[PDB]
$ cat protein03.pdb   # PDB, N, CA and C atoms
ATOM      1  N   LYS A   1     -38.367 137.839 -35.042  1.00  0.00           N
ATOM      2  CA  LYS A   1     -37.754 138.777 -34.110  1.00  0.00           C
ATOM      3  C   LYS A   1     -36.333 138.344 -33.758  1.00  0.00           C
ATOM      4  N   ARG A   2     -35.408 138.555 -34.688  1.00  0.00           N
ATOM      5  CA  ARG A   2     -34.013 138.185 -34.474  1.00  0.00           C
ATOM      6  C   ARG A   2     -33.201 139.385 -33.995  1.00  0.00           C
ATOM      7  N   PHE A   3     -33.642 140.581 -34.370  1.00  0.00           N
ATOM      8  CA  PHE A   3     -32.956 141.806 -33.981  1.00  0.00           C
ATOM      9  C   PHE A   3     -33.097 142.055 -32.482  1.00  0.00           C
ATOM     10  N   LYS A   4     -34.157 141.510 -31.895  1.00  0.00           N
ATOM     11  CA  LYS A   4     -34.409 141.671 -30.468  1.00  0.00           C
ATOM     12  C   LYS A   4     -33.179 141.286 -29.652  1.00  0.00           C
ATOM     13  N   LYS A   5     -32.486 140.242 -30.091  1.00  0.00           N
ATOM     14  CA  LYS A   5     -31.289 139.774 -29.403  1.00  0.00           C
ATOM     15  C   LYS A   5     -30.154 140.785 -29.537  1.00  0.00           C
ATOM     16  N   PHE A   6     -30.127 141.492 -30.661  1.00  0.00           N
ATOM     17  CA  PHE A   6     -29.095 142.491 -30.912  1.00  0.00           C
ATOM     18  C   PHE A   6     -29.264 143.691 -29.985  1.00  0.00           C
ATOM     19  N   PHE A   7     -30.513 144.083 -29.754  1.00  0.00           N
ATOM     20  CA  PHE A   7     -30.811 145.218 -28.889  1.00  0.00           C
ATOM     21  C   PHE A   7     -30.116 145.069 -27.539  1.00  0.00           C
ATOM     22  N   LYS A   8     -30.357 143.943 -26.876  1.00  0.00           N
ATOM     23  CA  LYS A   8     -29.756 143.675 -25.576  1.00  0.00           C
ATOM     24  C   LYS A   8     -28.235 143.761 -25.652  1.00  0.00           C
ATOM     25  N   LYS A   9     -27.690 143.500 -26.835  1.00  0.00           N
ATOM     26  CA  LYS A   9     -26.248 143.552 -27.043  1.00  0.00           C
ATOM     27  C   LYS A   9     -25.771 144.991 -27.203  1.00  0.00           C
ATOM     28  N   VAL A  10     -26.577 145.805 -27.879  1.00  0.00           N
ATOM     29  CA  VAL A  10     -26.238 147.206 -28.100  1.00  0.00           C
ATOM     30  C   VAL A  10     -26.178 147.971 -26.783  1.00  0.00           C
ATOM     31  N   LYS A  11     -26.949 147.511 -25.802  1.00  0.00           N
ATOM     32  CA  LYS A  11     -26.984 148.150 -24.493  1.00  0.00           C
ATOM     33  C   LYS A  11     -25.601 148.148 -23.849  1.00  0.00           C
ATOM     34  N   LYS A  12     -24.813 147.123 -24.154  1.00  0.00           N
ATOM     35  CA  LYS A  12     -23.466 147.003 -23.608  1.00  0.00           C
ATOM     36  C   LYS A  12     -22.497 147.922 -24.344  1.00  0.00           C
ATOM     37  N   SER A  13     -22.527 147.865 -25.672  1.00  0.00           N
ATOM     38  CA  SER A  13     -21.649 148.690 -26.493  1.00  0.00           C
ATOM     39  C   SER A  13     -21.960 150.172 -26.300  1.00  0.00           C
ATOM     40  N   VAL A  14     -23.219 150.538 -26.513  1.00  0.00           N
ATOM     41  CA  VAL A  14     -23.649 151.923 -26.361  1.00  0.00           C
ATOM     42  C   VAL A  14     -23.371 152.434 -24.952  1.00  0.00           C
ATOM     43  N   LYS A  15     -23.449 151.536 -23.977  1.00  0.00           N
ATOM     44  CA  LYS A  15     -23.204 151.893 -22.584  1.00  0.00           C
ATOM     45  C   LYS A  15     -21.877 152.631 -22.438  1.00  0.00           C
ATOM     46  N   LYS A  16     -20.910 152.273 -23.277  1.00  0.00           N
ATOM     47  CA  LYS A  16     -19.596 152.902 -23.243  1.00  0.00           C
ATOM     48  C   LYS A  16     -19.631 154.273 -23.913  1.00  0.00           C
ATOM     49  N   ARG A  17     -20.451 154.398 -24.951  1.00  0.00           N
ATOM     50  CA  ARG A  17     -20.578 155.656 -25.677  1.00  0.00           C
ATOM     51  C   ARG A  17     -21.132 156.753 -24.773  1.00  0.00           C
ATOM     52  N   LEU A  18     -22.104 156.393 -23.942  1.00  0.00           N
ATOM     53  CA  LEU A  18     -22.720 157.345 -23.025  1.00  0.00           C
ATOM     54  C   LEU A  18     -21.676 157.964 -22.101  1.00  0.00           C
ATOM     55  N   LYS A  19     -20.590 157.234 -21.870  1.00  0.00           N
ATOM     56  CA  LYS A  19     -19.516 157.711 -21.008  1.00  0.00           C
ATOM     57  C   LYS A  19     -19.049 159.098 -21.437  1.00  0.00           C
ATOM     58  N   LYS A  20     -19.105 159.360 -22.738  1.00  0.00           N
ATOM     59  CA  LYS A  20     -18.691 160.650 -23.279  1.00  0.00           C
ATOM     60  C   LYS A  20     -19.768 161.707 -23.049  1.00  0.00           C
ATOM     61  N   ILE A  21     -21.024 161.274 -23.048  1.00  0.00           N
ATOM     62  CA  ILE A  21     -22.144 162.183 -22.837  1.00  0.00           C
ATOM     63  C   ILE A  21     -22.241 162.605 -21.375  1.00  0.00           C
ATOM     64  N   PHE A  22     -21.740 161.754 -20.485  1.00  0.00           N
ATOM     65  CA  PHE A  22     -21.770 162.039 -19.054  1.00  0.00           C
ATOM     66  C   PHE A  22     -20.424 162.577 -18.580  1.00  0.00           C
ATOM     67  N   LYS A  23     -19.803 163.414 -19.405  1.00  0.00           N
ATOM     68  CA  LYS A  23     -18.511 164.001 -19.071  1.00  0.00           C
ATOM     69  C   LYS A  23     -18.685 165.387 -18.459  1.00  0.00           C
ATOM     70  N   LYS A  24     -19.874 165.649 -17.927  1.00  0.00           N
ATOM     71  CA  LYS A  24     -20.170 166.935 -17.307  1.00  0.00           C
ATOM     72  C   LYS A  24     -19.620 166.994 -15.886  1.00  0.00           C
ATOM     73  N   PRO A  25     -19.464 168.218 -15.361  1.00  0.00           N
ATOM     74  CA  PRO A  25     -18.949 168.438 -14.005  1.00  0.00           C
ATOM     75  C   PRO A  25     -19.935 167.994 -12.930  1.00  0.00           C
ATOM     76  N   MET A  26     -21.199 167.851 -13.316  1.00  0.00           N
ATOM     77  CA  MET A  26     -22.240 167.430 -12.384  1.00  0.00           C
ATOM     78  C   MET A  26     -22.077 165.959 -12.017  1.00  0.00           C
ATOM     79  N   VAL A  27     -21.746 165.138 -13.009  1.00  0.00           N
ATOM     80  CA  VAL A  27     -21.560 163.709 -12.790  1.00  0.00           C
ATOM     81  C   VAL A  27     -20.381 163.446 -11.859  1.00  0.00           C
ATOM     82  N   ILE A  28     -20.465 162.359 -11.100  1.00  0.00           N
ATOM     83  CA  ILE A  28     -19.405 161.993 -10.169  1.00  0.00           C
ATOM     84  C   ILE A  28     -18.826 160.622 -10.505  1.00  0.00           C
ATOM     85  N   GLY A  29     -17.525 160.465 -10.287  1.00  0.00           N
ATOM     86  CA  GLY A  29     -16.872 159.199 -10.569  1.00  0.00           C
ATOM     87  C   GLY A  29     -16.380 159.109 -12.001  1.00  0.00           C
ATOM     88  N   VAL A  30     -15.776 160.189 -12.486  1.00  0.00           N
ATOM     89  CA  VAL A  30     -15.259 160.227 -13.849  1.00  0.00           C
ATOM     90  C   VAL A  30     -13.970 161.038 -13.925  1.00  0.00           C
ATOM     91  N   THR A  31     -12.882 160.376 -14.306  1.00  0.00           N
ATOM     92  CA  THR A  31     -11.587 161.034 -14.418  1.00  0.00           C
ATOM     93  C   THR A  31     -11.199 161.238 -15.879  1.00  0.00           C
ATOM     94  N   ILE A  32     -10.555 162.366 -16.162  1.00  0.00           N
ATOM     95  CA  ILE A  32     -10.127 162.680 -17.520  1.00  0.00           C
ATOM     96  C   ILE A  32      -9.112 161.661 -18.026  1.00  0.00           C
ATOM     97  N   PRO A  33      -9.337 161.158 -19.249  1.00  0.00           N
ATOM     98  CA  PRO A  33      -8.451 160.173 -19.875  1.00  0.00           C
ATOM     99  C   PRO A  33      -7.102 160.768 -20.261  1.00  0.00           C
ATOM    100  N   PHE A  34      -6.086 160.501 -19.447  1.00  0.00           N
ATOM    101  CA  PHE A  34      -4.745 161.011 -19.703  1.00  0.00           C
ATOM    102  C   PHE A  34      -3.763 159.867 -19.937  1.00  0.00           C
TER     103      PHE A  34
END
$ encode --input "protein03.pdb" --output "structure tokens"
Amino acid sequence: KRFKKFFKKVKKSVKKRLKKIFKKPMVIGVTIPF
């Protein structure tokens, strides 16, 4: 089980990707990248 360590790492990287998925008007605390 060596990939197990990678999973915990992906949580950090992917965490940034979700930022694009939570670009809805409902979410709070998000400013347009200008």
$ atom_distance --input "protein03.pdb" --atom1 "atom C of residue 31 of chain A" --atom2 "atom C of residue 18 of chain A"
12.6 Å
$ select_by_dssp --input "protein03.pdb" --residues "chain A" --states "alpha helix (DSSP H)" --output "JSON, numbers by chain"
{"A": [3, 4, 5, 6, 7, 8, 9, 10, 11, 12, 13, 14, 15, 16, 17, 18, 19, 20, 21]}
$ write_last_selection --input "protein03.pdb" --atoms "N, CA and C atoms" --output "CSV table (one decimal), keeping the file's coordinate frame"
chain,number,residue,atom,x,y,z
A,3,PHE,N,-33.6,140.6,-34.4
A,3,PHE,CA,-33.0,141.8,-34.0
A,3,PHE,C,-33.1,142.1,-32.5
A,4,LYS,N,-34.2,141.5,-31.9
A,4,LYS,CA,-34.4,141.7,-30.5
A,4,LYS,C,-33.2,141.3,-29.7
A,5,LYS,N,-32.5,140.2,-30.1
A,5,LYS,CA,-31.3,139.8,-29.4
A,5,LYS,C,-30.2,140.8,-29.5
A,6,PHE,N,-30.1,141.5,-30.7
A,6,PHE,CA,-29.1,142.5,-30.9
A,6,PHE,C,-29.3,143.7,-30.0
A,7,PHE,N,-30.5,144.1,-29.8
A,7,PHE,CA,-30.8,145.2,-28.9
A,7,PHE,C,-30.1,145.1,-27.5
A,8,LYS,N,-30.4,143.9,-26.9
A,8,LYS,CA,-29.8,143.7,-25.6
A,8,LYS,C,-28.2,143.8,-25.7
A,9,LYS,N,-27.7,143.5,-26.8
A,9,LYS,CA,-26.2,143.6,-27.0
A,9,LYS,C,-25.8,145.0,-27.2
A,10,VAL,N,-26.6,145.8,-27.9
A,10,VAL,CA,-26.2,147.2,-28.1
A,10,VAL,C,-26.2,148.0,-26.8
A,11,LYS,N,-26.9,147.5,-25.8
A,11,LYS,CA,-27.0,148.2,-24.5
A,11,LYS,C,-25.6,148.1,-23.8
A,12,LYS,N,-24.8,147.1,-24.2
A,12,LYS,CA,-23.5,147.0,-23.6
A,12,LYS,C,-22.5,147.9,-24.3
A,13,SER,N,-22.5,147.9,-25.7
A,13,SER,CA,-21.6,148.7,-26.5
A,13,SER,C,-22.0,150.2,-26.3
A,14,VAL,N,-23.2,150.5,-26.5
A,14,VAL,CA,-23.6,151.9,-26.4
A,14,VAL,C,-23.4,152.4,-25.0
A,15,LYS,N,-23.4,151.5,-24.0
A,15,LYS,CA,-23.2,151.9,-22.6
A,15,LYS,C,-21.9,152.6,-22.4
A,16,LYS,N,-20.9,152.3,-23.3
A,16,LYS,CA,-19.6,152.9,-23.2
A,16,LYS,C,-19.6,154.3,-23.9
A,17,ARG,N,-20.5,154.4,-25.0
A,17,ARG,CA,-20.6,155.7,-25.7
A,17,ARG,C,-21.1,156.8,-24.8
A,18,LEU,N,-22.1,156.4,-23.9
A,18,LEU,CA,-22.7,157.3,-23.0
A,18,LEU,C,-21.7,158.0,-22.1
A,19,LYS,N,-20.6,157.2,-21.9
A,19,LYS,CA,-19.5,157.7,-21.0
A,19,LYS,C,-19.0,159.1,-21.4
A,20,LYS,N,-19.1,159.4,-22.7
A,20,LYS,CA,-18.7,160.6,-23.3
A,20,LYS,C,-19.8,161.7,-23.0
A,21,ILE,N,-21.0,161.3,-23.0
A,21,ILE,CA,-22.1,162.2,-22.8
A,21,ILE,C,-22.2,162.6,-21.4
$ atom_distance --input "protein03.pdb" --atom1 "atom CA of residue 9 of chain A" --atom2 "atom CA of residue 21 of chain A"
19.5 Å
$ atom_distance --input "protein03.pdb" --atom1 "atom C of residue 15 of chain A" --atom2 "atom CA of residue 1 of chain A"
24.1 Å
$ build_atoms --input "protein03.pdb" --residues "segment 18-30 of chain A" --atoms "N, CA, C and O atoms" --output "short mmCIF file (atom, residue, chain, number, x, y, z; two decimals), keeping the file's coordinate frame"
data_model
loop_
_atom_site.label_atom_id
_atom_site.label_comp_id
_atom_site.auth_asym_id
_atom_site.auth_seq_id
_atom_site.Cartn_x
_atom_site.Cartn_y
_atom_site.Cartn_z
N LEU A 18 -22.10 156.39 -23.94
CA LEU A 18 -22.72 157.34 -23.02
C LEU A 18 -21.68 157.96 -22.10
O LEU A 18 -21.85 159.08 -21.61
N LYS A 19 -20.59 157.23 -21.87
CA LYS A 19 -19.52 157.71 -21.01
C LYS A 19 -19.05 159.10 -21.44
O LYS A 19 -18.65 159.92 -20.61
N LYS A 20 -19.10 159.36 -22.74
CA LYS A 20 -18.69 160.65 -23.28
C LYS A 20 -19.77 161.71 -23.05
O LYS A 20 -19.46 162.89 -22.87
N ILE A 21 -21.02 161.27 -23.05
CA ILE A 21 -22.14 162.18 -22.84
C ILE A 21 -22.24 162.60 -21.38
O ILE A 21 -22.76 163.68 -21.06
N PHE A 22 -21.74 161.75 -20.48
CA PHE A 22 -21.77 162.04 -19.05
C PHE A 22 -20.42 162.58 -18.58
O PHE A 22 -19.96 162.24 -17.49
N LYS A 23 -19.80 163.41 -19.40
CA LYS A 23 -18.51 164.00 -19.07
C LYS A 23 -18.68 165.39 -18.46
O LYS A 23 -17.76 166.20 -18.47
N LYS A 24 -19.87 165.65 -17.93
CA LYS A 24 -20.17 166.94 -17.31
C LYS A 24 -19.62 166.99 -15.89
O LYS A 24 -19.34 165.97 -15.26
N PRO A 25 -19.46 168.22 -15.36
CA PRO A 25 -18.95 168.44 -14.00
C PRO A 25 -19.93 167.99 -12.93
O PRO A 25 -19.56 167.79 -11.78
N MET A 26 -21.20 167.85 -13.32
CA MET A 26 -22.24 167.43 -12.38
C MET A 26 -22.08 165.96 -12.02
O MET A 26 -22.25 165.58 -10.86
N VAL A 27 -21.75 165.14 -13.01
CA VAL A 27 -21.56 163.71 -12.79
C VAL A 27 -20.38 163.45 -11.86
O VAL A 27 -19.42 164.21 -11.83
N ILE A 28 -20.46 162.36 -11.10
CA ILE A 28 -19.40 161.99 -10.17
C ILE A 28 -18.83 160.62 -10.50
O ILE A 28 -19.54 159.73 -10.95
N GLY A 29 -17.52 160.46 -10.29
CA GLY A 29 -16.87 159.20 -10.57
C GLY A 29 -16.38 159.11 -12.00
O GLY A 29 -16.54 158.08 -12.66
N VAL A 30 -15.78 160.19 -12.49
CA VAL A 30 -15.26 160.23 -13.85
C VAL A 30 -13.97 161.04 -13.92
O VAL A 30 -13.96 162.24 -13.64
#
